[PDB]
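Single-structure report; data block below.
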Amino acid sequence: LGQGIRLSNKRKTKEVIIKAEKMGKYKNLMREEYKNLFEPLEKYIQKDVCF
Amino acid sequence: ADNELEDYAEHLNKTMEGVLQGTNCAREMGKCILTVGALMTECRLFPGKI
Amino acid sequence: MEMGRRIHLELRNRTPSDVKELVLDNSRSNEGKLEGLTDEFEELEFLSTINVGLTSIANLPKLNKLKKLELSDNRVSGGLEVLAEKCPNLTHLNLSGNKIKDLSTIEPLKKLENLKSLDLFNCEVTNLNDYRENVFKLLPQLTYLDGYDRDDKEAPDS
Amino acid sequence: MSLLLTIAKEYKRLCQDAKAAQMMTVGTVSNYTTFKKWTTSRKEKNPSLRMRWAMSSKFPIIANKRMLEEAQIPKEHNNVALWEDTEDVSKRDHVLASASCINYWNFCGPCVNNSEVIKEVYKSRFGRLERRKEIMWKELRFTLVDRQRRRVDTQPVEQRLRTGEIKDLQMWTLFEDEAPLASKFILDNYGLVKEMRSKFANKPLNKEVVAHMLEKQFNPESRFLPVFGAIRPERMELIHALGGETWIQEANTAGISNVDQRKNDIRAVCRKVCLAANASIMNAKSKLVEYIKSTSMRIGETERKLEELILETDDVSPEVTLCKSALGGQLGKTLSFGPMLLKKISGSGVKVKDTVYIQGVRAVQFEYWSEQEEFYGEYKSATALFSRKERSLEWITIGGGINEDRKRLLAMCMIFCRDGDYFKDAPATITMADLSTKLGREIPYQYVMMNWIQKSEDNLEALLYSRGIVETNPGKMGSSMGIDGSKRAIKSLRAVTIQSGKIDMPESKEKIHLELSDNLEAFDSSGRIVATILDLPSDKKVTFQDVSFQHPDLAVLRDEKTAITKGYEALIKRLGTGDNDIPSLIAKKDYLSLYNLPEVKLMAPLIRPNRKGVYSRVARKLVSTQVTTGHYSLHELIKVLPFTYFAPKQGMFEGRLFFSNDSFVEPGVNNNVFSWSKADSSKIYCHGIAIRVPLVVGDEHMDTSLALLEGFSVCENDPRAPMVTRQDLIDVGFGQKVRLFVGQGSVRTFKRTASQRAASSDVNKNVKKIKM
């Protein structure tokens with residue numbers, strides 16, 4: 001999986017960077033289109049890649 | 001709002017106003033503001049009339 | 001200065017009925033509008049109004065003996081039909097430096113059958129394609145354009 | 001018109017009365033001011049309650065009557081009262097009305113052609129909005145901010161002036177018919193008056209409002225405030241939205257309305273002139289004054305004289321202080337000692353000499369004060385509040401934020417008070433070569449030690465070691481300073497307290513006169529040396545932009561461009577009044593004489609001899625066309641008269657008029673060799689040198705009431721001469737007397753001959769003779 005997603009507050013004054021392997025830890029935040037595209041594949045993920 | 005500071009001020013003010021608008025003392029605040037406004041605008045216009 | 005005082009100064013006790021030339025360059029005119037001109041000027045044969053913050057032509061009286069005009073450095077746009085009634089005997093006109101967008105604004109000048117030369121430089125119209133020819137086809141009586149006739153024939157001094 | 005007749009009839013009715021006649025007849029016009037107070041005297045204790053009580057009423061606004069009738073504003077639009085016929089008791093020329101009327105007027109009343117003029121009236125506030133739009137806000141944080149209470153300025157302003165100068169600006173930009181006699185400032189800064197005049201001429205406006213707003217425009221609002229971070233007017237105007245005692249709203253405001261680069265340039269120029277004028281031992285002061293007077297610099301669009309800028313500025317820095325002293329400007333009660341700042345809170349003293357042996361036995365006298373004396377101090381990002389006593393540092397309390405700055409402040413302070421053994425027994429390293437007379441001038445001991453400490457860190461460490469070191473007692477660990485400026489240690493410098501938080505800057509609105517010695521030592525009515533030339537950077541090279549050092553010694557150009565510039569100055573020097581001069585010849589249409597003027601004869605050799613004739617024909621032709629018709633451009637005439645010396649010839653004119661030095665002037669388009677602008681028609685830029693043209697005759701662009709003011713002068717009163725209008729001044733003959741109303745209640749006599757010689761030179765010369 002490529003470079004992980006980023007977070008940000010409303011005004012965008014703060015911006016976090018996280019890897020892909022930890023997106024399963026913050027799934028409750030990502031948008032739906034990004035959510036519906038990730039849960040069905042969580043099974044095939046091992047650490048940071050997809051089997 | 002434009003900067004983070006205003007958003008923080010507006011969030012804190014919203015929380016406090018929500019807490020403070022439900023009490024009974026605030027009911028008296030409204031009753032005083034409105035009743036005295038009306039009585040002020042009557043005493044100014046119609047003196048000599050009870 | 002101001003067109004009023006400037007004119008009253010140029011008129012060294014002379015009546016406004018025996019002059020053949022006048023100049024108003026490097027002055028200012030309120031609202032970009034002429035002020036102080038009338039039909040009293042009859043013998044006038046030349047006029048020059050340059051860099052006076054002008055934007056329109058509405059207070060222009062009727063001048064018959066007028067045969068040459070200059071409006072450079074201003075921002076005039078749109079009013080070009082009065083010329084067919086006030087100065088029908090006009091031959092030379094110049095507008096370089098003014099706000100001119102399309103050709104429809106120029107069409108009225110066809111009625112100036114006495115027209116010989118016209119000068120359009122630095123206007124938006126000049127940035128079009130095949131514009132000299134289209135204008136020439138619009139105003140056939142014309143021969144000189146910006147000091148150059150068809151075939152790029154430089155016009156003489158005067 | 002008829003209004004004039006109404007005013008005259010009113011005056012007649014007023015004079016028919018007896019009391020009004022008495023009060024008008026007696027005294028001068030100033031009484032008006034007094035009368036302006038005895039009338040309309042009424043205040044109110046609680047304005048809020050009064051306003052709220054009033055607004056309930058049907059008609060709480062007095063208003064004009066005729067304007068309402070003219071505007072076809074009826075009493076009732078639709079069952080809503082707006083006003084009723086009545087007269088206000090006090091004014092007797094107004095009718096009651098209601099606030100609703102404004103709304104009606106706002107929504108369907110009379111509309112003016114353009115209201116964009118307001119953007120000029122309140123240029124300060126629109127500037128505030130424009131600056132605020134360019135602030136990239138980053139992020140609110142929270143922390144205990146360290147704030148120092150100091151005087152600052154809270155309005156970015158260009159060309160800051162005094163109240164006296166500003167008053168003429170209002171009169172000369174709005175009310176010219178009632179302007180007072182021309183001042184020095186108006187003549188010097190005529191581009192600013194023209195620029196302001198153009199915007200607010202032939203406009204429908206309340207003139208008083210514009211004048212008041214220009215007053216605020218030119219006033220830098222100085223306030224004594226708590227402050228954190230950098231000090232820039234751009235921030236202080238909105239500091240309230242950047243941080244408090246507990247929060248900080250980070251934001252980048254560096255690139256808005258840069259006002260610090262011009263202050264920096266002014267100080268650099270003052271340093272340069274002060275270092276130049278140290279060569280002349282006997283007459284350094286006079287050279288300094290001449291150097292300052294013959295120099296200028298560009299501010300935005302206008303070019304201003306350095307002497308006036310120094311007077312206006314408030315930079316409390318050793319460079320500017322000396323220059324202000326030489327000119328005679330009064331300045332703040334602020335001392336200096338190297339790159340350090342000081343402020344005496346209290347105490348006194350008196351000089352007392354003591355010997356110091358430099359090496360073995362070499363006595364060198366040094367003076368030391370003898371009394372208790374408290375002193376605020378300020379080094380970069382550090383501050384102190386020390387005290388001295390009889391050649392001993394009693395204590396020092398520091399509240400800075402850096403170790404290096406702390407050490408440097410402590411060292412320079414110790415030196416200030418000549419404490420320590422080294423002053424008794426000089427360090428071995430320092431020698432007699434450096435002790436004094438670097439350029440033949442003695443350097444006291446303290447400045448020798450200051451140079452020593454700057455030379456090497458080891459000397460600084462030794463000096464700090466000279467102050468006793470003790471063991472940090474318990475508890476006082478926090479209020480202690482080691483050798484590396486540690487917050488706490490086990491062993492620390494004796495009596496060197498340390499705290500957190502900058503020491504609040506004192507304040508005093510006092511102005512002390514201070515002279516200066518032949519060696520540029522600024523005395524201040526007492527022994528104290530406020531500043532000297534031995535507390536400035538040694539030297540540095542800089543390329544100054546948009547500056548004018550019109551002085552021989554302070555010039556780098558060669559003899560060619562200097563010769564051409566001198567020739568043009570001479571040609572502009574014949575533009576003064578009197579017969580046999582350029583303006584009079586132009587009035588007499590005698591263009592022919594111009595070709596034989598002495599200055600053209602002097603300037604002719606430069607002209608390129610190969611084609612001198614052809615150029616001469618073109619320039620000799622243009623002048624005639626300009627001269628004969630009466631429409632001319634003075635600047636072009638001056639530019640092309642040098643070529644009219646020689647006989648015309650035949651040839652082709654390419655377009656440029658060369659000299660013998662490969663430098664040309666094209667007739668009509670501004671270039672480096674000769675430039676000018678229609679905005680500021682009182683400057684000629686020859687090779688980046690500003691040549692002021694006198695204001696003796698108007699030109700088509702520059703034509704106005706101002707362009708002639710210099711020509712006129714006052715003379716002995718003669719009641720025979722006529723009384724003329726201000727506009728007719730243009731038509732008067734040279735050397736002709738005329739009476740004229742001036743300002744208010746002043747009738748004077750003016751003669752059109754320029755007689756304004758330099759006053760400073762004559763007084764100086766005469767006073768020097770008194771000393772022989």
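Naming works like this for the structure tokens: A, B, ... for the chains as they're shown, residue 1 at the start of each chain, ligands 1 onward in shown order.
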Among segment 32-179 of chain D, which ones does DSSP place in strand (DSSP E or B), written as a PyMOL selection string? chain D and resi 61-63+76+81+83+95-97+136-142+148-153
If you run DSSP over the backbone, which residues in chain B end up alpha helix (DSSP H)? Put them as a ChimeraX atom specification. /B:4-20,25-45
Take the residues from that selection and write them out as an mmCIF file, in the first residue's frame, keeping C-alpha atoms.
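Resulting contents of result08.cif:
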data_model
loop_
_atom_site.group_PDB
_atom_site.id
_atom_site.type_symbol
_atom_site.label_atom_id
_atom_site.label_comp_id
_atom_site.auth_asym_id
_atom_site.auth_seq_id
_atom_site.Cartn_x
_atom_site.Cartn_y
_atom_site.Cartn_z
ATOM 1 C CA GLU B 4 -8.697 29.270 14.960
ATOM 2 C CA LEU B 5 -9.045 31.799 17.783
ATOM 3 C CA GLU B 6 -12.518 32.883 16.694
ATOM 4 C CA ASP B 7 -13.672 29.274 16.362
ATOM 5 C CA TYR B 8 -12.488 28.579 19.911
ATOM 6 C CA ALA B 9 -14.225 31.696 21.216
ATOM 7 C CA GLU B 10 -17.431 30.744 19.426
ATOM 8 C CA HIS B 11 -17.380 27.157 20.665
ATOM 9 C CA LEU B 12 -16.862 28.212 24.275
ATOM 10 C CA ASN B 13 -19.530 30.900 23.994
ATOM 11 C CA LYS B 14 -21.973 28.433 22.434
ATOM 12 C CA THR B 15 -21.446 25.935 25.251
ATOM 13 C CA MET B 16 -21.884 28.540 27.965
ATOM 14 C CA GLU B 17 -24.929 30.128 26.330
ATOM 15 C CA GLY B 18 -26.526 26.705 25.997
ATOM 16 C CA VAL B 19 -25.927 26.031 29.681
ATOM 17 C CA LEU B 20 -27.125 29.488 30.755
ATOM 18 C CA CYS B 25 -32.619 33.119 36.749
ATOM 19 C CA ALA B 26 -32.284 33.718 33.010
ATOM 20 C CA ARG B 27 -36.067 33.608 32.779
ATOM 21 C CA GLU B 28 -36.011 36.526 35.208
ATOM 22 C CA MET B 29 -33.360 38.222 33.069
ATOM 23 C CA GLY B 30 -35.723 38.079 30.122
ATOM 24 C CA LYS B 31 -38.699 39.147 32.201
ATOM 25 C CA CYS B 32 -36.821 42.180 33.474
ATOM 26 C CA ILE B 33 -35.410 43.212 30.115
ATOM 27 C CA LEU B 34 -38.756 43.003 28.327
ATOM 28 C CA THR B 35 -41.038 44.318 31.062
ATOM 29 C CA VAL B 36 -38.800 47.260 31.912
ATOM 30 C CA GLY B 37 -38.342 48.048 28.216
ATOM 31 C CA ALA B 38 -42.106 48.220 27.773
ATOM 32 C CA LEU B 39 -42.599 50.213 30.967
ATOM 33 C CA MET B 40 -39.823 52.616 29.969
ATOM 34 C CA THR B 41 -41.427 53.199 26.585
ATOM 35 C CA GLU B 42 -44.821 53.755 28.189
ATOM 36 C CA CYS B 43 -43.647 56.181 30.885
ATOM 37 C CA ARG B 44 -41.839 58.087 28.136
ATOM 38 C CA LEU B 45 -44.860 58.353 25.830
#
With only C-alpha atoms counted and 12 Å as the cut-off, give the residues of chain D in contact with chain A, each with its shortest interatomic distance in Å and the pair that gives it, as a Markdown table.
| residue | atom | partner | partner_atom | distance |
| --- | --- | --- | --- | --- |
| D:136 | CA | A:13 | CA | 10.5 |
| D:137 | CA | A:13 | CA | 8.5 |
| D:138 | CA | A:13 | CA | 5.8 |
| D:139 | CA | A:13 | CA | 5.8 |
| D:140 | CA | A:13 | CA | 9.1 |
| D:141 | CA | A:13 | CA | 11.2 |
| D:249 | CA | A:13 | CA | 11.5 |
| D:250 | CA | A:13 | CA | 10.6 |
| D:251 | CA | A:13 | CA | 11.3 |
Counting only C-alpha atoms, the residue among A:28, A:35, A:42, A:48 that lies closest to residue 4 of chain A is A:48
Closest of C:56, C:158, C:127, C:72 to residue 32 of chain C - atom-to-atom distances counting only C-alpha atoms: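 Under the stated criterion, the closest residue is C:56.
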Could you pull the residues within 8 Å of residue 87 of chain C, counting only C-alpha atoms, minus those fewer than 4 positions along the same chain, as a PDB file with C-alpha atoms, in the first residue's frame?
ATOM      1  CA  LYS C  62     -22.770  72.781 -32.580  1.00  0.00           C
ATOM      2  CA  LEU C  63     -19.627  73.784 -34.508  1.00  0.00           C
ATOM      3  CA  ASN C  64     -19.818  73.985 -38.305  1.00  0.00           C
ATOM      4  CA  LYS C  65     -16.549  75.624 -39.382  1.00  0.00           C
ATOM      5  CA  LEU C  66     -14.661  73.026 -37.320  1.00  0.00           C
ATOM      6  CA  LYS C  67     -12.402  70.902 -39.516  1.00  0.00           C
ATOM      7  CA  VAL C  82     -22.985  63.618 -32.394  1.00  0.00           C
ATOM      8  CA  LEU C  83     -20.239  64.283 -34.941  1.00  0.00           C
TER       9      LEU C  83
END
List as a ChimeraX atom specification the protein and nucleic acid residues near residue 60 of chain C, meaning an atom at most 10 Å away when only C-alpha atoms are counted, but skip any in the same chain fewer than 5 places from it. /C:33-39,82-83,86
I need the chosen residues saved as an mmCIF file, in the first residue's frame, with N, CA and C atoms.
data_model
loop_
_atom_site.group_PDB
_atom_site.id
_atom_site.type_symbol
_atom_site.label_atom_id
_atom_site.label_comp_id
_atom_site.auth_asym_id
_atom_site.auth_seq_id
_atom_site.Cartn_x
_atom_site.Cartn_y
_atom_site.Cartn_z
ATOM 1 N N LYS C 33 -16.365 65.992 -18.285
ATOM 2 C CA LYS C 33 -17.371 66.628 -19.120
ATOM 3 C C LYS C 33 -16.921 68.029 -19.500
ATOM 4 N N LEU C 34 -17.098 68.367 -20.773
ATOM 5 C CA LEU C 34 -16.807 69.713 -21.241
ATOM 6 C C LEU C 34 -17.598 70.739 -20.436
ATOM 7 N N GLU C 35 -17.035 71.940 -20.307
ATOM 8 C CA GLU C 35 -17.652 72.993 -19.502
ATOM 9 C C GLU C 35 -17.153 74.346 -19.980
ATOM 10 N N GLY C 36 -18.065 75.174 -20.490
ATOM 11 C CA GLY C 36 -17.735 76.503 -20.963
ATOM 12 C C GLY C 36 -17.846 76.697 -22.459
ATOM 13 N N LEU C 37 -18.139 75.648 -23.218
ATOM 14 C CA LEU C 37 -18.254 75.756 -24.663
ATOM 15 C C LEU C 37 -19.702 76.009 -25.068
ATOM 16 N N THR C 38 -19.868 76.748 -26.163
ATOM 17 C CA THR C 38 -21.186 77.103 -26.668
ATOM 18 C C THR C 38 -21.112 77.222 -28.185
ATOM 19 N N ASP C 39 -22.237 77.607 -28.791
ATOM 20 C CA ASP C 39 -22.284 77.871 -30.223
ATOM 21 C C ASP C 39 -21.701 79.227 -30.599
ATOM 22 N N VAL C 82 -22.814 62.169 -32.435
ATOM 23 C CA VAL C 82 -22.985 63.618 -32.394
ATOM 24 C C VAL C 82 -22.194 64.283 -33.511
ATOM 25 N N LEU C 83 -21.102 63.654 -33.947
ATOM 26 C CA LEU C 83 -20.239 64.283 -34.941
ATOM 27 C C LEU C 83 -20.970 64.496 -36.257
ATOM 28 N N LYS C 86 -23.114 67.936 -35.270
ATOM 29 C CA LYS C 86 -22.433 69.149 -34.835
ATOM 30 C C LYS C 86 -21.333 69.556 -35.808
#
Which residues of chain D sit at most 12 Å from chain C, using only C-alpha atoms? Give each one's shortest atom pair and distance in Å (one decimal place), in chain and ascending residue order, as a Markdown table.
| residue | atom | partner | partner_atom | distance |
| --- | --- | --- | --- | --- |
| D:112 | CA | C:31 | CA | 11.6 |
| D:113 | CA | C:31 | CA | 8.4 |
| D:114 | CA | C:31 | CA | 9.6 |
| D:194 | CA | C:1 | CA | 12.0 |
| D:197 | CA | C:1 | CA | 11.8 |
| D:198 | CA | C:1 | CA | 10.2 |
| D:201 | CA | C:30 | CA | 10.0 |
| D:202 | CA | C:30 | CA | 7.4 |
| D:203 | CA | C:30 | CA | 9.0 |
| D:204 | CA | C:30 | CA | 11.6 |
| D:629 | CA | C:23 | CA | 10.0 |
| D:630 | CA | C:10 | CA | 9.2 |
| D:631 | CA | C:23 | CA | 8.8 |
| D:632 | CA | C:25 | CA | 10.9 |
| D:633 | CA | C:26 | CA | 10.8 |
| D:678 | CA | C:26 | CA | 10.2 |
| D:698 | CA | C:1 | CA | 10.9 |
| D:699 | CA | C:26 | CA | 9.9 |
| D:700 | CA | C:26 | CA | 6.2 |
| D:701 | CA | C:26 | CA | 5.9 |
| D:702 | CA | C:1 | CA | 8.7 |
| D:703 | CA | C:1 | CA | 6.5 |
| D:704 | CA | C:1 | CA | 6.7 |
| D:705 | CA | C:1 | CA | 9.8 |
| D:727 | CA | C:5 | CA | 9.5 |
| D:728 | CA | C:9 | CA | 10.3 |
| D:730 | CA | C:9 | CA | 10.7 |
| D:731 | CA | C:9 | CA | 10.1 |
Pairwise distance, atom CA of residue 612 of chain D with atom CA of residue 592 of chain D, equals 18.0 Å
Contacts of residue 374 of chain D within 12 Å, only C-alpha atoms, excl. fewer than 5 positions in-chain, as a VMD selection string: chain D and resid 342 to 349 384 to 389 393 to 397 413 417 506
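Pairwise distance (atom CA of residue 174 of chain D, atom CA of residue 200 of chain D) equals 7.2 Å.
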Rounded to one decimal, what separation in Å do you get between atom CA of residue 367 of chain D and atom CA of residue 465 of chain D?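 Atom CA of residue 465 of chain D lies at a distance of 23.6 Å from atom CA of residue 367 of chain D.
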What's the 9 Å shell around residue 3 of chain A, counting only C-alpha atoms, without same-chain residues fewer than 3 positions away, as a PyMOL selection string? chain A and resi 18-20
Given the selection you just returned, output its residues as a file containing N, CA, C and O atoms, formatted as a PDB file, in the first residue's frame.
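Heads up, here's the output in part.pdb:
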ATOM      1  N   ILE A  18       0.261   9.472   8.775  1.00  0.00           N
ATOM      2  CA  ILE A  18       0.209   8.117   9.301  1.00  0.00           C
ATOM      3  C   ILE A  18       0.415   7.162   8.137  1.00  0.00           C
ATOM      4  O   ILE A  18       0.141   7.503   6.982  1.00  0.00           O
ATOM      5  N   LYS A  19       0.904   5.965   8.440  1.00  0.00           N
ATOM      6  CA  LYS A  19       1.135   4.970   7.408  1.00  0.00           C
ATOM      7  C   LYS A  19      -0.152   4.196   7.136  1.00  0.00           C
ATOM      8  O   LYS A  19      -1.189   4.412   7.768  1.00  0.00           O
ATOM      9  N   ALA A  20      -0.083   3.269   6.178  1.00  0.00           N
ATOM     10  CA  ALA A  20      -1.266   2.497   5.816  1.00  0.00           C
ATOM     11  C   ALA A  20      -1.598   1.464   6.884  1.00  0.00           C
ATOM     12  O   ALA A  20      -2.773   1.253   7.210  1.00  0.00           O
TER      13      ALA A  20
END
